[PDB]
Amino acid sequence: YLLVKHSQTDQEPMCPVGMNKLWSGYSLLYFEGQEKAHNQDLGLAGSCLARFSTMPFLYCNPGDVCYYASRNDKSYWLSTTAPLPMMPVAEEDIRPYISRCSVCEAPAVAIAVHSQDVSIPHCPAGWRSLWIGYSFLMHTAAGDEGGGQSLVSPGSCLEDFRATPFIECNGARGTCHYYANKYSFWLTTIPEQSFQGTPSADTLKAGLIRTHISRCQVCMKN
């Protein structure tokens, strides 16, 4: 099994004590080609690309012509906690904003469990805890494009809630930036034991958010 860890810092994360690292890279969320998003599961090795670029892909048509950084495509990456920039950052200035990752060869499968409660969900019997966090569900940015995580995948359990955990890189421009239409979606905490048929609308400001976000824990068998 392959355990994927995203540091959410400009430093590569360490692999668990008893695990060999296959490679390190940059946290890829999704590509957008022809305004169609194609995502990588944050819990799968595909979300950890060894080499970064504002435009890491090219495209071809049946006429046997391929175009690289010759149109208007873009890429999205999991970001670090660096503060929001006033203007787009270019080239070398992008580095501090891209989350780093490591792919580790593990002994057994890893899963994520979610409580939909303020309490941390316990790992199944015969399973050990790797880390705890918040239930990251989906995201949207340019247009209605975006994507989401598999709740059983470790990628759906980010160590801490973050309003805008990803950044947009505008392909051929060679710049990345945080735009106002960026949304992150998270599972909520539900007071009821198991059934809530009538949600009570609410707007949450900094400091009063986390108590409303579902908790999770990533576990590995044994």
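Position 1 is the first residue in the sequence shown; the rest follow in order.
On average, which has the higher Cα B-factor in the deposited entry, 156-164 or 65-73? Averaging CA B-factors over each stretch, the winner is 156-164.
Could you check the entry and say whether 196-204 or 210-218 has the higher mean CA B-factor? The stretch with the larger average C-alpha B-factor is 196-204.
Going by the CA temperature factor in the entry, name the top one among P96, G146, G133, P85. Most elevated C-alpha B-factor of the set, per the entry: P85.
Divide the modelled residues of the chain into thirds by Cα B-factor and specify which third, lowest, middle or highest, holds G174. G174: CA B-factor falls in the middle third of its chain.
Check where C123 lands among this chain's C-alpha B-factors and tell me if it's the lowest, middle or highest third. Highest third.
Lowest, middle or highest third: where is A142 by Cα B-factor in its chain? Within its chain, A142 is a middle-third residue by C-alpha B-factor, going by the deposited values.
Divide the modelled residues of the chain into thirds by Cα B-factor and specify which third, lowest, middle or highest, holds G43. Answer is middle: the recorded C-alpha B-factor places it there.
Would you check the entry's CA temperature factor for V89 and let me know if it's in the chain's lowest, middle or highest third? Its C-alpha B-factor, which the entry lists for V89, ranks in the middle third among residues of this chain.
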